[PDB]
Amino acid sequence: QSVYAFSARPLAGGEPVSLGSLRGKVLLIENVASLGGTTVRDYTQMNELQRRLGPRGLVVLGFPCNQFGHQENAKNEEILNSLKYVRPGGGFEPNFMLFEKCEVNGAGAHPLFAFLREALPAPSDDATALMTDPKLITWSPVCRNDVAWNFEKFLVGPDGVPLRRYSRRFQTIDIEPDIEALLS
C-alpha cells in the first residue's frame, strides 16, 4: 500500500536511498526534465516549496526522465550543470533530492512509478489527456495510467500512501494548499 518498498539512487551515484527513510514526511514526487517548457516554473516552485515547508515535514523528490520529447538527454553527470548554466541557468541549484535518470512508463519503468501510476490512475485535474501528438508516445507497452509529459506530480501522505496525482498543467506551487492540509 505504500511507497516505502521502493528505493532509488541519487543523481551523483552511490548507495540507493530507501523511501522508507522518509517515513512520516509528506512527499511530493515529480518526474523532471532539464529542457522542457515547464522546467523553469517547476524547478523554481519545487525549490520554493522545499525551502518553505521542508522544516515542517515536506520532502520533494525529483526523477529525471527522457521519455517526453527527449527533454532529459543529458547524462546524470551533466544534469546539474545544465540546470545551473543553461536552464534555468543563472546559478540555479535544486535544493531537493534528484535521483538517477529512469523511465516512468513502459516495461522498463522504475517500480516506484509503476506503483504510483496504478495507485492513482489519472491526474485529479485532468482525467483524460494523454498526448496530443501520437508520435511522442514511444514507450511500450502503453497504459491508460501512463505519465503524459514532464512534471506530473504525485503527493504522498506521511503514512507513505499515494494521495493525489496532478497533471503536467497543474502548477507545482498550486499543490501547496493540499500539502499544508497534510502537514497540519
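A residue's number is simply how far along the shown sequence it sits, counting from 1.
157-165 and 8-16 differ in mean CA B-factor, and the higher of the two is recorded for 8-16. Ranked by Cα temperature factor within the chain, residue 112 sits in the middle third according to the deposited record.
Among all modelled residues in this chain, the alpha-carbon of residue 77 has a temperature factor (C-alpha) in the lowest third. In the PDB entry, a CA B factor belonging to the highest third of its chain's modelled residues is recorded for residue 55. Annotation for residue 40: CA B-factor lies in the middle third of the chain's modelled residues.
Placement of the Cα temperature factor of residue 83 within the chain: middle third of the modelled residues, per the deposited record.
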